[PDB]
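A.B. asks: I am sharing run38.cif, which consists of mmCIF, C-alpha atoms and all ligand atoms:
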```cif
data_upload
#
loop_
_atom_site.label_atom_id
_atom_site.label_comp_id
_atom_site.auth_asym_id
_atom_site.auth_seq_id
_atom_site.Cartn_x
_atom_site.Cartn_y
_atom_site.Cartn_z
CA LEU F 1 6.08 -4.60 155.13
CA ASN F 2 3.54 -2.78 157.25
CA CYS F 3 4.02 0.39 159.35
CA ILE F 4 1.60 1.22 162.22
CA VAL F 5 1.48 4.59 163.95
CA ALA F 6 -1.04 6.78 165.79
CA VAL F 7 -0.35 10.54 165.14
CA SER F 8 -1.90 13.70 166.53
CA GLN F 9 -3.34 16.38 164.25
CA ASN F 10 0.06 18.08 164.14
CA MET F 11 1.85 14.76 163.28
CA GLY F 12 3.52 14.30 166.67
CA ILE F 13 3.95 10.71 167.88
CA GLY F 14 6.08 11.35 170.95
CA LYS F 15 6.76 13.67 173.83
CA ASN F 16 9.42 13.32 176.56
CA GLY F 17 9.35 9.75 175.23
CA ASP F 18 5.75 9.08 176.16
CA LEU F 19 2.50 9.39 174.23
CA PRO F 20 1.57 13.04 173.71
CA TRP F 21 -2.05 11.96 174.46
CA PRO F 22 -3.72 10.16 177.38
CA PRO F 23 -4.12 6.38 177.02
CA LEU F 24 -6.81 5.26 174.61
CA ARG F 25 -7.75 1.75 175.69
CA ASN F 26 -9.48 0.86 172.40
CA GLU F 27 -6.83 2.40 170.22
CA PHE F 28 -4.10 0.42 171.97
CA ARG F 29 -6.36 -2.57 171.54
CA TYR F 30 -6.53 -2.10 167.78
CA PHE F 31 -2.72 -1.97 167.67
CA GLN F 32 -2.67 -5.27 169.57
CA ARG F 33 -5.02 -6.93 167.04
CA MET F 34 -3.34 -5.65 163.86
CA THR F 35 0.24 -6.52 164.89
CA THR F 36 -0.77 -9.83 166.47
CA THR F 37 -3.20 -11.16 163.88
CA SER F 38 -1.31 -13.46 161.53
CA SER F 39 -3.02 -14.24 158.20
CA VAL F 40 -1.42 -17.66 157.95
CA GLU F 41 -1.96 -21.03 159.52
CA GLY F 42 0.50 -21.25 162.39
CA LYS F 43 2.84 -18.35 161.53
CA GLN F 44 3.65 -15.39 163.82
CA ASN F 45 4.26 -11.71 162.93
CA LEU F 46 7.55 -9.93 163.56
CA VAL F 47 7.54 -6.41 165.10
CA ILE F 48 10.58 -4.14 164.52
CA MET F 49 11.18 -1.07 166.68
CA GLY F 50 14.11 1.11 167.71
CA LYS F 51 15.54 1.19 171.29
CA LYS F 52 13.52 4.13 172.64
CA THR F 53 10.34 2.34 171.56
CA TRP F 54 11.13 -0.97 173.29
CA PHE F 55 11.78 1.07 176.39
CA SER F 56 8.45 2.91 176.02
CA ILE F 57 6.51 -0.34 176.46
CA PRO F 58 5.37 -0.96 180.06
CA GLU F 59 7.97 -3.48 181.26
CA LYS F 60 5.29 -6.02 182.13
CA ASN F 61 4.33 -5.89 178.44
CA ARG F 62 7.77 -6.78 177.18
CA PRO F 63 8.25 -8.56 174.96
CA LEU F 64 5.10 -7.87 172.96
CA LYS F 65 3.20 -11.13 173.26
CA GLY F 66 2.22 -13.46 170.45
CA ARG F 67 4.83 -11.78 168.24
CA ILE F 68 8.57 -11.85 167.56
CA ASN F 69 10.29 -8.76 168.89
CA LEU F 70 13.27 -7.21 167.14
CA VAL F 71 15.24 -4.21 168.30
CA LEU F 72 17.11 -1.95 165.97
CA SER F 73 20.15 -0.28 167.47
CA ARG F 74 23.40 0.67 165.87
CA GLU F 75 24.49 0.96 169.48
CA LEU F 76 23.42 -1.69 172.01
CA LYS F 77 26.00 -4.42 172.31
CA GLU F 78 23.44 -7.03 173.26
CA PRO F 79 19.66 -7.25 172.87
CA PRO F 80 17.63 -5.71 175.63
CA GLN F 81 16.27 -8.29 178.11
CA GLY F 82 13.18 -9.91 176.53
CA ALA F 83 13.73 -9.00 172.87
CA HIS F 84 14.11 -11.85 170.32
CA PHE F 85 16.69 -10.26 168.04
CA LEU F 86 18.98 -7.27 167.60
CA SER F 87 19.74 -5.77 164.16
CA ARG F 88 22.00 -2.74 163.57
CA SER F 89 19.97 -1.56 160.62
CA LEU F 90 16.63 -1.97 159.00
CA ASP F 91 18.24 -3.64 156.00
CA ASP F 92 19.94 -6.17 158.20
CA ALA F 93 16.58 -6.73 159.92
CA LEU F 94 14.75 -7.34 156.62
CA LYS F 95 17.53 -9.67 155.48
CA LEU F 96 17.28 -11.90 158.57
CA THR F 97 13.59 -12.58 157.75
CA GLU F 98 14.70 -13.86 154.35
CA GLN F 99 16.64 -16.63 156.16
CA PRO F 100 14.98 -19.88 155.23
CA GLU F 101 14.34 -21.02 158.76
CA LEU F 102 12.93 -17.62 159.84
CA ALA F 103 10.91 -17.13 156.68
CA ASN F 104 8.74 -20.14 157.49
CA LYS F 105 7.99 -18.87 161.03
CA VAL F 106 7.25 -15.20 160.27
CA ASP F 107 4.11 -13.99 158.56
CA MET F 108 3.68 -10.19 158.66
CA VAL F 109 6.45 -7.70 159.28
CA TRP F 110 5.36 -4.61 161.25
CA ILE F 111 7.52 -1.49 161.83
CA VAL F 112 6.20 0.20 164.99
CA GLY F 113 8.70 3.05 165.43
CA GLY F 114 10.33 5.35 166.22
CA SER F 115 10.67 8.36 163.96
CA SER F 116 13.95 7.69 162.18
CA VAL F 117 12.77 4.14 161.62
CA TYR F 118 9.43 5.26 160.17
CA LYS F 119 11.57 7.52 157.99
CA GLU F 120 13.83 4.77 156.70
CA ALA F 121 11.03 2.32 155.93
CA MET F 122 8.64 4.77 154.25
CA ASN F 123 11.40 5.36 151.68
CA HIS F 124 12.11 1.68 151.32
CA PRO F 125 11.62 0.48 147.75
CA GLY F 126 8.66 -1.90 147.56
CA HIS F 127 5.10 -2.81 148.49
CA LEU F 128 4.30 -1.18 151.83
CA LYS F 129 1.09 -0.20 153.58
CA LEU F 130 0.76 2.31 156.44
CA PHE F 131 -1.88 1.76 159.19
CA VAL F 132 -2.37 5.29 160.57
CA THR F 133 -4.69 6.34 163.41
CA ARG F 134 -5.53 10.07 163.02
CA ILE F 135 -6.08 11.50 166.56
CA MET F 136 -8.00 14.63 165.58
CA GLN F 137 -6.73 17.06 168.20
CA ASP F 138 -3.58 18.98 168.84
CA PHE F 139 -0.97 17.56 171.16
CA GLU F 140 2.34 18.94 172.20
CA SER F 141 5.08 16.69 170.85
CA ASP F 142 8.77 16.75 170.17
CA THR F 143 8.82 13.83 167.70
CA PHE F 144 6.91 13.67 164.42
CA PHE F 145 5.78 11.23 161.78
CA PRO F 146 6.98 12.06 158.26
CA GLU F 147 4.90 13.69 155.48
CA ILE F 148 3.07 10.91 153.58
CA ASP F 149 3.90 11.37 149.85
CA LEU F 150 0.56 11.43 148.11
CA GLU F 151 2.25 10.75 144.78
CA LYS F 152 3.40 7.46 146.16
CA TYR F 153 0.87 6.21 148.74
CA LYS F 154 -2.92 5.86 148.33
CA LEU F 155 -5.66 5.67 150.90
CA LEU F 156 -7.80 2.52 150.80
CA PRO F 157 -11.30 3.83 151.54
CA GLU F 158 -12.06 0.34 152.79
CA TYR F 159 -10.08 -2.32 154.63
CA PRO F 160 -10.90 -5.83 155.76
CA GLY F 161 -11.10 -5.50 159.56
CA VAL F 162 -10.71 -1.72 159.82
CA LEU F 163 -13.64 0.34 160.99
CA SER F 164 -14.66 3.31 158.92
CA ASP F 165 -16.45 5.75 161.22
CA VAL F 166 -14.88 8.15 163.67
CA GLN F 167 -14.13 6.75 167.10
CA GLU F 168 -14.10 8.77 170.28
CA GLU F 169 -12.52 7.93 173.63
CA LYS F 170 -12.31 10.44 176.48
CA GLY F 171 -13.67 13.16 174.27
CA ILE F 172 -10.87 12.37 171.79
CA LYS F 173 -11.94 11.53 168.23
CA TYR F 174 -9.80 9.53 165.81
CA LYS F 175 -10.21 7.45 162.65
CA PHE F 176 -8.26 4.49 161.26
CA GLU F 177 -6.56 4.96 157.90
CA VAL F 178 -4.78 2.59 155.54
CA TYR F 179 -2.46 3.84 152.80
CA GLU F 180 -0.72 1.68 150.22
CA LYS F 181 2.27 1.91 147.90
CA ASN F 182 3.61 -0.56 145.30
CA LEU W 1 32.44 -24.60 169.94
CA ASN W 2 33.39 -27.80 168.17
CA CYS W 3 35.25 -28.73 165.04
CA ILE W 4 35.22 -32.24 163.61
CA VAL W 5 37.21 -33.62 160.70
CA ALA W 6 38.72 -36.82 159.37
CA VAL W 7 42.29 -36.53 158.09
CA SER W 8 44.86 -38.60 156.28
CA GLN W 9 48.37 -39.15 157.62
CA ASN W 10 49.40 -36.44 155.20
CA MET W 11 46.69 -34.11 156.60
CA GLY W 12 44.57 -34.41 153.44
CA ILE W 13 40.85 -33.77 153.84
CA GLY W 14 39.60 -33.66 150.22
CA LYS W 15 40.33 -34.42 146.57
CA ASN W 16 38.57 -33.11 143.47
CA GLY W 17 36.17 -32.02 146.17
CA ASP W 18 35.65 -35.65 147.27
CA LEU W 19 36.88 -37.78 150.19
CA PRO W 20 40.40 -38.97 149.58
CA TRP W 21 39.69 -42.47 151.03
CA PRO W 22 36.87 -44.93 150.22
CA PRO W 23 33.80 -44.39 152.45
CA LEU W 24 34.01 -45.72 155.97
CA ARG W 25 30.51 -46.63 157.09
CA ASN W 26 31.25 -46.58 160.79
CA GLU W 27 33.35 -43.41 160.62
CA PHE W 28 30.35 -41.74 158.94
CA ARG W 29 28.07 -43.05 161.70
CA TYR W 30 30.34 -41.43 164.31
CA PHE W 31 30.36 -38.02 162.46
CA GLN W 32 26.58 -38.43 162.30
CA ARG W 33 26.18 -39.31 165.96
CA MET W 34 28.40 -36.56 167.40
CA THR W 35 26.98 -33.83 165.16
CA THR W 36 23.49 -35.01 165.77
CA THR W 37 23.40 -35.66 169.55
CA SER W 38 22.09 -32.78 171.63
CA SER W 39 22.37 -32.78 175.43
CA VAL W 40 19.07 -30.90 175.54
CA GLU W 41 15.76 -32.17 174.26
CA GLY W 42 13.90 -29.52 172.25
CA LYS W 43 17.25 -28.14 171.09
CA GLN W 44 19.23 -28.98 167.97
CA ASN W 45 22.95 -28.80 167.21
CA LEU W 46 23.94 -26.21 164.53
CA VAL W 47 26.37 -27.27 161.80
CA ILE W 48 28.42 -24.68 159.96
CA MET W 49 30.23 -25.34 156.67
CA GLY W 50 31.67 -23.49 153.69
CA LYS W 51 29.91 -23.67 150.30
CA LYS W 52 32.26 -26.27 148.81
CA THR W 53 31.50 -28.50 151.79
CA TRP W 54 27.75 -28.09 151.39
CA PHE W 55 27.83 -29.20 147.76
CA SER W 56 30.18 -32.01 148.68
CA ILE W 57 27.37 -33.80 150.48
CA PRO W 58 25.21 -36.09 148.41
CA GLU W 59 22.18 -34.01 147.38
CA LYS W 60 20.14 -36.68 149.15
CA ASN W 61 21.79 -36.05 152.52
CA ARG W 62 21.33 -32.31 152.23
CA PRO W 63 20.55 -30.74 154.55
CA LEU W 64 22.10 -32.88 157.27
CA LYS W 65 19.08 -34.28 159.11
CA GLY W 66 18.24 -33.45 162.72
CA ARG W 67 20.57 -30.43 162.57
CA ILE W 68 20.29 -26.76 161.62
CA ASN W 69 22.45 -26.28 158.47
CA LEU W 70 24.33 -23.03 158.17
CA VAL W 71 26.22 -22.16 155.02
CA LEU W 72 29.09 -19.70 154.88
CA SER W 73 29.59 -17.86 151.54
CA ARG W 74 31.12 -14.45 150.72
CA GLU W 75 29.71 -14.87 147.23
CA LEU W 76 26.35 -16.53 147.21
CA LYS W 77 23.35 -14.35 146.55
CA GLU W 78 20.92 -16.48 148.49
CA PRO W 79 21.12 -19.71 150.45
CA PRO W 80 21.41 -22.89 148.45
CA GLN W 81 18.24 -25.05 148.17
CA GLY W 82 17.87 -26.81 151.49
CA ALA W 83 20.04 -24.65 153.80
CA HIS W 84 18.48 -23.18 156.94
CA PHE W 85 20.70 -20.06 157.18
CA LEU W 86 23.41 -18.35 155.13
CA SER W 87 26.11 -16.12 156.57
CA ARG W 88 28.96 -14.12 155.11
CA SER W 89 31.52 -14.93 157.81
CA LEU W 90 32.05 -17.22 160.76
CA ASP W 91 31.89 -14.22 163.10
CA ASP W 92 28.49 -13.33 161.59
CA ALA W 93 27.21 -16.90 162.06
CA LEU W 94 28.45 -17.01 165.71
CA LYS W 95 26.71 -13.66 166.19
CA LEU W 96 23.53 -15.17 164.64
CA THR W 97 23.88 -17.77 167.31
CA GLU W 98 23.69 -15.45 170.33
CA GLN W 99 20.37 -14.04 169.10
CA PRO W 100 18.03 -15.05 171.85
CA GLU W 101 15.42 -16.68 169.63
CA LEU W 102 18.25 -18.73 168.12
CA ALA W 103 20.05 -19.24 171.41
CA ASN W 104 17.21 -21.32 172.76
CA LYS W 105 16.89 -23.65 169.76
CA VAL W 106 20.54 -24.64 169.45
CA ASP W 107 22.60 -26.71 171.80
CA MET W 108 26.11 -27.33 170.36
CA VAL W 109 27.89 -25.69 167.46
CA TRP W 110 29.84 -27.94 165.08
CA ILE W 111 32.17 -26.63 162.37
CA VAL W 112 32.41 -29.09 159.46
CA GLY W 113 34.96 -27.50 157.12
CA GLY W 114 36.44 -26.60 154.58
CA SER W 115 40.06 -25.90 155.51
CA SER W 116 39.39 -22.19 155.49
CA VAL W 117 36.49 -22.43 157.97
CA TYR W 118 38.53 -24.83 160.14
CA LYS W 119 41.51 -22.44 160.32
CA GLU W 120 39.50 -19.41 161.26
CA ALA W 121 37.63 -21.47 163.84
CA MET W 122 40.86 -22.81 165.30
CA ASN W 123 42.28 -19.49 166.41
CA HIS W 124 38.88 -18.15 167.41
CA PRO W 125 39.26 -17.32 171.11
CA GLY W 126 37.41 -19.26 173.76
CA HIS W 127 36.80 -22.82 174.81
CA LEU W 128 37.24 -25.06 171.75
CA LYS W 129 37.50 -28.79 171.19
CA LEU W 130 38.72 -30.54 168.07
CA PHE W 131 37.37 -33.99 167.19
CA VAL W 132 39.97 -35.45 164.87
CA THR W 133 39.82 -38.86 163.22
CA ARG W 134 43.36 -39.85 162.13
CA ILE W 135 43.04 -42.22 159.11
CA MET W 136 46.33 -44.16 159.35
CA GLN W 137 47.29 -44.12 155.66
CA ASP W 138 48.46 -41.51 153.13
CA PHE W 139 45.93 -40.52 150.46
CA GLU W 140 46.36 -38.24 147.47
CA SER W 141 44.83 -34.91 148.34
CA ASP W 142 44.48 -31.33 147.21
CA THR W 143 42.89 -29.91 150.40
CA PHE W 144 44.54 -30.04 153.84
CA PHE W 145 43.65 -29.57 157.50
CA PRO W 146 45.60 -26.72 159.13
CA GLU W 147 48.07 -27.89 161.82
CA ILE W 148 47.12 -27.83 165.51
CA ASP W 149 49.06 -25.42 167.74
CA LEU W 150 50.44 -27.76 170.37
CA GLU W 151 51.37 -24.61 172.26
CA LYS W 152 47.63 -24.14 172.50
CA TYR W 153 45.76 -27.43 172.16
CA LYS W 154 46.02 -30.48 174.44
CA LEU W 155 45.14 -34.05 173.44
CA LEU W 156 42.63 -35.43 175.98
CA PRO W 157 43.56 -39.15 176.42
CA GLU W 158 39.89 -39.77 177.03
CA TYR W 159 36.43 -38.63 176.23
CA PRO W 160 32.91 -39.81 176.84
CA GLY W 161 31.32 -41.25 173.68
CA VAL W 162 34.68 -41.53 171.95
CA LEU W 163 36.05 -45.07 171.66
CA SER W 164 39.76 -45.28 172.57
CA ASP W 165 40.74 -48.28 170.40
CA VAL W 166 42.27 -48.32 166.94
CA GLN W 167 39.41 -49.03 164.54
CA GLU W 168 39.58 -50.73 161.13
CA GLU W 169 37.22 -50.76 158.12
CA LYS W 170 38.20 -52.18 154.76
CA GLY W 171 41.86 -52.72 155.76
CA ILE W 172 42.17 -49.05 156.78
CA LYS W 173 43.03 -48.24 160.42
CA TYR W 174 41.92 -45.03 162.12
CA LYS W 175 41.63 -43.64 165.64
CA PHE W 176 39.44 -40.97 167.26
CA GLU W 177 41.15 -38.03 168.94
CA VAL W 178 40.02 -35.15 171.07
CA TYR W 179 41.87 -31.86 171.48
CA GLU W 180 40.97 -28.95 173.69
CA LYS W 181 41.96 -25.32 173.95
CA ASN W 182 40.72 -23.21 176.91
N1 LIG C 201 -2.02 2.74 166.35
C1 LIG C 201 -0.94 2.75 167.04
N2 LIG C 201 -1.12 2.92 168.42
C2 LIG C 201 -0.11 2.92 169.32
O1 LIG C 201 -0.37 3.06 170.53
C3 LIG C 201 1.24 2.68 168.78
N3 LIG C 201 2.29 2.65 169.64
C4 LIG C 201 3.47 2.39 169.10
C5 LIG C 201 4.66 2.35 169.97
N4 LIG C 201 4.47 2.16 171.40
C6 LIG C 201 3.84 1.12 172.05
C7 LIG C 201 3.89 1.23 173.50
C8 LIG C 201 3.29 0.27 174.26
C9 LIG C 201 2.67 -0.85 173.64
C10 LIG C 201 1.98 -1.92 174.38
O2 LIG C 201 1.96 -1.93 175.61
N5 LIG C 201 1.38 -2.86 173.73
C11 LIG C 201 0.68 -4.06 174.23
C12 LIG C 201 -0.58 -3.66 175.08
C13 LIG C 201 -1.85 -3.60 174.09
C14 LIG C 201 -3.18 -3.29 174.82
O3 LIG C 201 -3.05 -3.15 176.04
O4 LIG C 201 -4.26 -3.21 174.18
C15 LIG C 201 0.26 -5.02 173.15
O5 LIG C 201 0.02 -6.17 173.60
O6 LIG C 201 0.11 -4.70 171.93
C16 LIG C 201 2.64 -0.91 172.25
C17 LIG C 201 3.24 0.09 171.45
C18 LIG C 201 3.53 2.19 167.69
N6 LIG C 201 2.52 2.25 166.88
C19 LIG C 201 1.38 2.49 167.44
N7 LIG C 201 0.30 2.52 166.58
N1 LIG C 202 35.05 -37.22 161.41
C1 LIG C 202 34.60 -36.71 160.30
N2 LIG C 202 34.29 -37.55 159.22
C2 LIG C 202 33.81 -37.07 158.03
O1 LIG C 202 33.51 -37.83 157.08
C3 LIG C 202 33.68 -35.61 157.89
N3 LIG C 202 33.15 -35.08 156.73
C4 LIG C 202 33.04 -33.76 156.67
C5 LIG C 202 32.55 -33.12 155.44
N4 LIG C 202 31.85 -33.93 154.41
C6 LIG C 202 30.67 -34.65 154.60
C7 LIG C 202 30.16 -35.34 153.46
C8 LIG C 202 29.02 -36.12 153.59
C9 LIG C 202 28.38 -36.22 154.86
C10 LIG C 202 27.16 -37.01 155.10
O2 LIG C 202 26.61 -37.56 154.15
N5 LIG C 202 26.66 -37.14 156.27
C11 LIG C 202 25.40 -37.87 156.65
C12 LIG C 202 25.50 -39.39 156.47
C13 LIG C 202 26.33 -40.15 157.60
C14 LIG C 202 26.09 -41.69 157.45
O3 LIG C 202 25.47 -41.93 156.37
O4 LIG C 202 26.48 -42.49 158.32
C15 LIG C 202 24.87 -37.50 158.00
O5 LIG C 202 23.68 -37.74 158.35
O6 LIG C 202 25.71 -36.94 158.76
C16 LIG C 202 28.91 -35.52 155.92
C17 LIG C 202 30.08 -34.75 155.80
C18 LIG C 202 33.48 -33.02 157.81
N6 LIG C 202 33.96 -33.51 158.92
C19 LIG C 202 34.11 -34.85 158.91
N7 LIG C 202 34.51 -35.39 160.11
#
```
Reformat the file's structure so that it appears as structure tokens.

C.D. replies:
Amino acid sequence: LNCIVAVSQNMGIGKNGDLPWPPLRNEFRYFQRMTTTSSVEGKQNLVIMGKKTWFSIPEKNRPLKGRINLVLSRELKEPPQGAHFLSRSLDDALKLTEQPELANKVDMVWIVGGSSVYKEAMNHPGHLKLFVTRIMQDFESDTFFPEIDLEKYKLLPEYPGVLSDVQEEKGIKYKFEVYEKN
Amino acid sequence: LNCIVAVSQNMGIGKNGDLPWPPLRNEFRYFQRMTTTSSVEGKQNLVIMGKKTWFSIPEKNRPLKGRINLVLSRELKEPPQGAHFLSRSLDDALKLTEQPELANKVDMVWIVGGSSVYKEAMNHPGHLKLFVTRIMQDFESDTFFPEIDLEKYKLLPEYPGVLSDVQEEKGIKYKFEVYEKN
């Protein structure tokens, strides 16, 4: 189980339901690579996200391509147009991937939001890594990413495929971080 | 939604978890054919059965070839070696079935028993057909097919792919029947 998130200096990840920061072409690009790139011969990655997050993807981008899309909602009666699956909980979503037939099609599981879901998963017993983009500048948000327990998670000063120096796009700096827990 | 079964004159469907009658080659062929034949190429039929039914099939025929095998168990920790899916209830399996990614891989749904599964499936609301083979002899049995609500089901005097004549194998006579509920 991987988690991916981009967070401003103040830990906000959302605002009015949109990104608290202007679009970062390269950043979005990195999220496309990480969640798409399957380590295995002919397997696909599964992406799990709550309702608000599905809805925050430009319609013409739905469902995220090259990946299986799963929507968590204790509420929707049927899966939003374009989504692959609906689960009511995270636990039920994780279970489903343990189904023989699914197991052999899915490679990496990525949790891409939102807040309550990051919350649930970060707590989740087990081996988990967090891919965090630190957007070094203050943005006004209404939704925040949780504190990262530094008892439990460790930063990997190096990571196959992840750049190490500070990126800048539209006078906005940010670096890619990878934390692990076992 | 389809149910298929073979039944004695005394409505027996099993003994010491075996078939009450000697094996009928050609009746087996028919079960095989109907459960196997999909109207759509690139789609498979899904077979649902209770645990006792799973284990009742010769380890060599498990899972039933050319079909997705779904096991129903309240108990079971994980899915038995060879199953494709495991569900807790019929309602849960049907729900699995409406998942979009699953929806486009499966054509027809066949319920293969045991008497519990049959029963639950029988009253399930909707369009339902029952494919019943009446073996024209009494056989000692411990398991029994529920009775068909004639207030609800209607025998169709005909059906494509289903031979109308009284069949015989090894001195035993049997006939194929088709019942529908709307
Ligand atoms: N690093 C990181 N960056 C993000 O932008 C991000 N966004 C979410 C949630 N929101 C979204 C919203 C839109 C799209 C999206 O349109 N994705 C497409 C376009 C990628 C591109 O244009 O480069 C995709 O194909 O991945 C993805 C995630 C979760 N984790 C993130 N994590
Ligand atoms: N009409 C009907 N006849 C049955 O024998 C039957 N059996 C079950 C449950 N038990 C079983 C036990 C073994 C196999 C089985 O071995 N099937 C194989 C072989 C068929 C053949 O060899 O011709 C298969 O490929 O279906 C199937 C169902 C449920 N509905 C039935 N329904």

A.B. asks: Using all atoms listed in the file, which of F:146, F:113, F:58, F:82 sits nearest chain W?

C.D. replies: F:82

A.B. asks: Show me which bits of chain W are within 8 Å of chain F, counting all atoms listed in the file, as a list in words.

C.D. replies: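 The selection requested is residues 79, 83, 84, 85, 86, 99, 100 and 101 of chain W.
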
A.B. asks: Please determine, counting all atoms listed in the file, which residue among W:175, W:141, W:168, W:80 has the shortest atom-to-atom distance to ligand LIG 202 (chain C).

C.D. replies: W:175

A.B. asks: Using Å and a single decimal, report how far atom CA of residue 125 of chain W sits from atom CA of residue 142 of chain W.

C.D. replies: 28.2 Å

A.B. asks: Kindly give the distance, in Å, that separates atom CA of residue 131 of chain F and atom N6 of ligand LIG 201 (chain C), rounded to a single decimal.

C.D. replies: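 Interatomic distance here is 8.9 Å.
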
A.B. asks: Cα-based RMSD, chain W fitted onto chain F, all atoms paired in sequence order: value?

C.D. replies: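 The root-mean-square deviation of C-alpha positions is 0.4 Å.
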
A.B. asks: Quick one: 8 Å padding each side, axis-aligned, all listed atoms of ligand LIG 201 (chain C) - centre and edge lengths in Å to one decimal, as lines of an AutoDock Vina configuration file?

C.D. replies:
```
center_x = 0.2
center_y = -1.6
center_z = 171.2
size_x = 24.9
size_y = 25.2
size_z = 25.7
```

A.B. asks: List as a ChimeraX atom specification the protein and nucleic acid residues near segment 28-45 of chain W, meaning an atom at most 12 Å away when only C-alpha atoms are counted, but skip any in the same chain fewer than 6 places from it.

C.D. replies: /W:1-6,19,22,57,61,64-70,97,101-112,130-133,160-163,167,169,175-176

A.B. asks: Residues as selected, C-alpha atoms, written as a short mmCIF file (atom, residue, chain, number, x, y, z; two decimals), in the frame of the given file, can you do that?

C.D. replies:
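Saved result, result28.cif, follows:
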```cif
data_model
loop_
_atom_site.label_atom_id
_atom_site.label_comp_id
_atom_site.auth_asym_id
_atom_site.auth_seq_id
_atom_site.Cartn_x
_atom_site.Cartn_y
_atom_site.Cartn_z
CA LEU W 1 32.44 -24.60 169.94
CA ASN W 2 33.39 -27.80 168.17
CA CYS W 3 35.25 -28.73 165.04
CA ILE W 4 35.22 -32.24 163.61
CA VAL W 5 37.21 -33.62 160.70
CA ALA W 6 38.72 -36.82 159.37
CA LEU W 19 36.88 -37.78 150.19
CA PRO W 22 36.87 -44.93 150.22
CA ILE W 57 27.37 -33.80 150.48
CA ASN W 61 21.79 -36.05 152.52
CA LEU W 64 22.10 -32.88 157.27
CA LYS W 65 19.08 -34.28 159.11
CA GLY W 66 18.24 -33.45 162.72
CA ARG W 67 20.57 -30.43 162.57
CA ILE W 68 20.29 -26.76 161.62
CA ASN W 69 22.45 -26.28 158.47
CA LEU W 70 24.33 -23.03 158.17
CA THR W 97 23.88 -17.77 167.31
CA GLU W 101 15.42 -16.68 169.63
CA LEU W 102 18.25 -18.73 168.12
CA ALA W 103 20.05 -19.24 171.41
CA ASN W 104 17.21 -21.32 172.76
CA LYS W 105 16.89 -23.65 169.76
CA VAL W 106 20.54 -24.64 169.45
CA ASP W 107 22.60 -26.71 171.80
CA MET W 108 26.11 -27.33 170.36
CA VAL W 109 27.89 -25.69 167.46
CA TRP W 110 29.84 -27.94 165.08
CA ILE W 111 32.17 -26.63 162.37
CA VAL W 112 32.41 -29.09 159.46
CA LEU W 130 38.72 -30.54 168.07
CA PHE W 131 37.37 -33.99 167.19
CA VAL W 132 39.97 -35.45 164.87
CA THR W 133 39.82 -38.86 163.22
CA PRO W 160 32.91 -39.81 176.84
CA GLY W 161 31.32 -41.25 173.68
CA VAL W 162 34.68 -41.53 171.95
CA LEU W 163 36.05 -45.07 171.66
CA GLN W 167 39.41 -49.03 164.54
CA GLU W 169 37.22 -50.76 158.12
CA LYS W 175 41.63 -43.64 165.64
CA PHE W 176 39.44 -40.97 167.26
#
```

A.B. asks: If you count all atoms listed in the file, which residues fall within 8 Å of residue 137 of chain F, apart from same-chain ones fewer than 2 positions away, as a VMD selection string?

C.D. replies: chain F and resid 8 to 10 135 139 172 to 173

A.B. asks: When you draw a straight line from atom CA of residue 134 of chain W to atom CA of residue 72 of chain W, how long is it in Å?

C.D. replies: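 Those two atoms sit 25.7 Å apart.
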
A.B. asks: Which of these residues is nearest to residue 129 of chain F, using all atoms listed in the file: F:159, F:174, F:55, F:21?

C.D. replies: F:159

A.B. asks: Ranking F:76, F:122, F:128, F:47 by minimum distance to residue 149 of chain F and counting only C-alpha atoms, which one comes first?

C.D. replies: F:122

A.B. asks: For a quick check of understanding, using only C-alpha atoms and all ligand atoms, which of W:11, W:114, W:179, W:73 has the smallest distance to ligand LIG 202 (chain C)?

C.D. replies: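 Of W:11, W:114, W:179, W:73, the one nearest ligand LIG 202 (chain C), counting only C-alpha atoms and all ligand atoms, is W:114.
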
A.B. asks: Using the block above, I'd like segment 127-143 of chain F written out, keeping C-alpha atoms and formatting it as a CSV table (one decimal), in the first residue's frame.

C.D. replies:
```csv
chain,number,residue,atom,x,y,z
F,127,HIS,CA,4.0,-2.0,5.3
F,128,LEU,CA,3.1,1.4,3.8
F,129,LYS,CA,5.1,4.1,2.0
F,130,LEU,CA,4.0,7.7,1.5
F,131,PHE,CA,5.1,9.6,-1.7
F,132,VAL,CA,4.8,13.2,-0.6
F,133,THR,CA,5.5,16.3,-2.7
F,134,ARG,CA,6.4,19.2,-0.4
F,135,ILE,CA,5.3,22.5,-2.2
F,136,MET,CA,7.4,24.9,-0.2
F,137,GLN,CA,5.0,27.9,0.0
F,138,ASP,CA,1.9,28.8,1.9
F,139,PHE,CA,-1.4,28.2,0.4
F,140,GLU,CA,-4.9,28.9,1.7
F,141,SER,CA,-6.6,25.5,2.2
F,142,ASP,CA,-9.6,24.1,4.1
F,143,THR,CA,-8.4,20.4,4.0
```
